[PDB]
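Colleague: Task: produce atomic coordinates for the following.
(2 chains, ligands or ions: 1)
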Number of protein chains: 2
Amino acid sequence: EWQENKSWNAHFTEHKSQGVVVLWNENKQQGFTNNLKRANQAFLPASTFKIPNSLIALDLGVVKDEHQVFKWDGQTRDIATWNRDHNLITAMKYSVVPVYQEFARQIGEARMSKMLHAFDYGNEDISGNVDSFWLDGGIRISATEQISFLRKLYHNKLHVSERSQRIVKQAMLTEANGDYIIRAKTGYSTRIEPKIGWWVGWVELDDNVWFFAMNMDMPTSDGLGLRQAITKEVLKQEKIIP
Amino acid sequence: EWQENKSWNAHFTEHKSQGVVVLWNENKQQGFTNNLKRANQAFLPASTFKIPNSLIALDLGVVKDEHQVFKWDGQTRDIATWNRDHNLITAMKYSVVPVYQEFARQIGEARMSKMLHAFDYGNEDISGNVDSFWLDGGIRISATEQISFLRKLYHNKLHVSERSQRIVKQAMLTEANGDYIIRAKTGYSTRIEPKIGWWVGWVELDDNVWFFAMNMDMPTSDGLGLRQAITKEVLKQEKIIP
Ligand SMILES: [Cl-]
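Modeller: Residues are numbered from 1 along each chain as shown, chains lettered A, B, ... in the order given. Take a look at the structure below.
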């Protein structure tokens, strides 16, 4: 029973941007967004695909656990954080695309396809390079679809092991304190227009959970930090966090 | 393997306090403390016993998962956060003694004893009431023994399921940001002298884990906040956290 809140567009305009924030009050089974149409527009997921990709790689044993080390391949890349060994925890934290490309190759085109259909993940289309389709292939997901997928991950309802889902939700840990916990993943789609930034995840309160998915136009990397700052202004506006 | 660092006494002195901080560098397999004698003095665990108690209740199915609700028994207590319903996450957060006392009665004397022996938890002596021996019974544990127990929990090496251990480590989440994660549990032992405060757990970094166990004299409730404050001053001093 979705509800539209145009007040929120203020946060996008003040930041010289356009985008959508979608929230879901789990207790009340009630959704809210600034833009019902853009909430259902599907885009490339970019690094937010590291959630289902990690889930699949764990459940198939391509990743043994959150401690297994995947060493640098020696090629210097532009993001310096990528030029070191990683585990699942730090691979996610620094969005190490190459580590997840290796996972995608080992998972294989056919297993990737079956699992994403099992998840009902976006348009379930992995057309393109096995190792790049979430950046420049056929897969597409909307903010509302992000929420639906996230709600199943949260409740361990996806068709992978419970252990797989616990580990990935651990790896998503972004922020925690005495008022709330945030489990989430950023994304930045640049290879295919329109270039957009994503932030999807949820906020755990003592007595409720609030899922969120936001994307926003992002022509230049200068505004990447607005992904989180706008979402948090909306969460503050709505009294979800202090 | 266990070095003394007396410069940390400055943090206790400046807070008109007395106690010990024990740190363990997991990568280097080396410990550090301001007071070797007090680091091996064993005390009642008070609410730090909620870690082993939770693990045992989970593995035995007394607790089904972190979402199962334990309803307030209607008895108003002086700590207002206890006079509501709780799950495992929030019973840990608010140290809700009565929920854990009910866990312990359902675990029972014999199961509690045998499984604490399996954990090599302190002196393994549950003498007293099954539902309060960790507040005023015979169980004693030192800071270096907290460390040993915590390290097993971290590595999933205790003799309970990986899932029980993952759940309890999730319930231990205290603080997280882009620099570190802290999983820990406070405790406050008042029923038998000497009255003391505890804080035990660890700091996850990208590339290392630092375990910590501290206890401090606590003649009045007014210095409770110094359990965390003094520990964080040592971590700052050692450049484990900024
Ligand atoms: Cl966690």
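Colleague: burial count for residue A:207?
Modeller: Look at residue A:207: counted by other Cβ atoms under 10 Å in any protein chain shown, it has 11 neighbours. Placement of C-beta: from N, CA and C, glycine included.
Colleague: And what about it, helix, strand or coil?
Modeller: coil (DSSP: H, G, I helix; E, B strand; the rest coil).
Colleague: Wait, a helix at residue A:156?
Modeller: No. Counting by three-state DSSP, residue A:156 is located in no helix; its state is coil.
Colleague: so which residue of chain A comes closest to chain B?
Modeller: Distances between chain A and chain B by Cβ to the nearest Cβ are smallest at residue A:176, namely 3.9 Å.
Colleague: right, and residue A:116 touches residue A:52 too?
Modeller: Yes. Using Cβ atoms under 8 Å, residue A:116 is in contact with residue A:52, at 6.6 Å.
Colleague: Compare these two (neighbour count), which wins?
Modeller: Taking other Cβ under 10 Å, residue A:116 and residue A:52 do not tie; residue A:52 has more neighbours (25 against 21).
Colleague: quick one: the more buried one and residue B:146, what's the gap?
Modeller: In this view, residue A:52 and residue B:146 are 38 Å apart by Cβ to Cβ, to the nearest Å.
Colleague: For the most centrally placed residue in chain A, give me phi and psi.
Modeller: Most central in chain A under Cα atoms, centre = their mean is residue A:48, positioned 3.0 Å from the mean C-alpha point. Residue A:48 adopts backbone torsions of phi -60, psi -20, taken as degrees, to the nearest 10.
Colleague: any idea how far residue B:137 is from it?
Modeller: Distance from residue A:48 to residue B:137, by Cβ to Cβ: 50 Å.
Colleague: related to what we said a few turns ago, list the beta-bridge partners for the residue of chain A closest to chain B.
Modeller: As for beta bridges, residue A:176 partners with residue A:181, residue B:176 under DSSP bridges.
Colleague: and residue A:109, what is it in contact with?
Modeller: Neighbour list for residue A:109: A:126, A:130 [criterion: Cβ atoms under 8 Å, 6 or more residues apart in numbering or on different chains].
Colleague: Tell me who's in contact with the residue lying closest to residue A:185 once chain neighbours are set aside.
Modeller: Excluding the flanking residues, the one nearest residue A:185 by Cβ to Cβ, 6 or more residues apart in numbering or on different chains is residue A:48, at 5.0 Å. Neighbouring residues of residue A:48 by Cβ under 8 Å, 6+ apart: A:141, A:146, A:185, A:186, A:187, A:198, A:200.
Colleague: Closest one to the ion out of these, please.
Modeller: The ion has its nearest neighbour among the contacts of residue A:48 in residue A:185, at 14.4 Å by Cβ to the ion.
Colleague: so which strand or helix has that closest one?
Modeller: Assigning secondary structure by DSSP states H and E places residue A:185 in strand A:181-189.
Colleague: just the residues of chain A that are near the ion, which are they?
Modeller: Proximity of chain A to the ion, by Cβ under 5 Å from the ion, involves residues A:170, A:173.
Colleague: all strands of chain A, in order?
Modeller: A:3-4, A:19-25, A:30-33, A:42-43, A:141-142, A:173-176, A:181-189, A:196-204, A:209-217 (DSSP state E).
Colleague: helices and strands around the fifth one, which ones?
Modeller: Contacts defined by 3 or more Cβ pairs under 8 Å, 6 or more residues apart in numbering or on different chains; DSSP states H and E place strand A:141-142 against strand A:42-43.
Colleague: what about residue A:116, distance to residue B:87?
Modeller: Distance from residue A:116 to residue B:87, by Cβ to Cβ: 32 Å.
Colleague: so residue A:43 sits right up against residue A:139, yeah?
Modeller: No. The criterion here is Cβ under 8 Å, and residue A:43 misses it with residue A:139 at 9.7 Å.
Colleague: wouldn't residue A:208 be in contact with residue A:24 here?
Modeller: No. Residue A:208 is beyond contact range of residue A:24, at 10.6 Å (criterion: Cβ under 8 Å).
Colleague: who's more crowded, those two?
Modeller: Neighbours per residue, other Cβ under 10 Å: of residue A:208 and residue A:24, the larger number sits with residue A:24, 22 against 12.
Colleague: Quick check: beta-bridge partners of the more buried one?
Modeller: Residue A:24 has these beta-bridge partners by DSSP bridges: residue A:31, residue A:211.
Colleague: can you check residue A:199 too?
Modeller: Residues in beta-bridge contact with residue A:199 (DSSP bridges): residue A:186, residue A:214.
Colleague: The residue nearest to residue A:118 when sequence neighbours are not counted and residue A:202, how far apart?
Modeller: With Cβ to Cβ, 6+ apart as the criterion, residue A:118 has its nearest non-adjacent residue at 4.6 Å, and that residue is residue A:159. The gap separating residue A:159 from residue A:202 is 20 Å, by Cβ to Cβ.
Colleague: neighbour-wise, which of these two wins?
Modeller: Between residue A:159 and residue A:202, counting by other Cβ under 10 Å, residue A:202 is the more crowded of the two (25 against 13).
Colleague: and the nearest residue to the more buried one once chain neighbours are set aside, how many residues sit next to it?
Modeller: Once flanking residues are discounted, residue A:202 sits nearest to residue A:211: 4.4 Å by Cβ to Cβ, 6+ apart. Residues near residue A:211, counting by other Cβ under 10 Å, number 24.
Colleague: same thing with residue A:59?
Modeller: By other Cβ under 10 Å, the residues close to residue A:59 number 21.
Colleague: and what of residue A:184?
Modeller: Neighbours of residue A:184 (other Cβ under 10 Å): 23.
Colleague: wouldn't it be in contact with residue A:198 here?
Modeller: No. Contact criterion Cβ under 8 Å: residue A:184 and residue A:198 do not qualify, at 9.7 Å.
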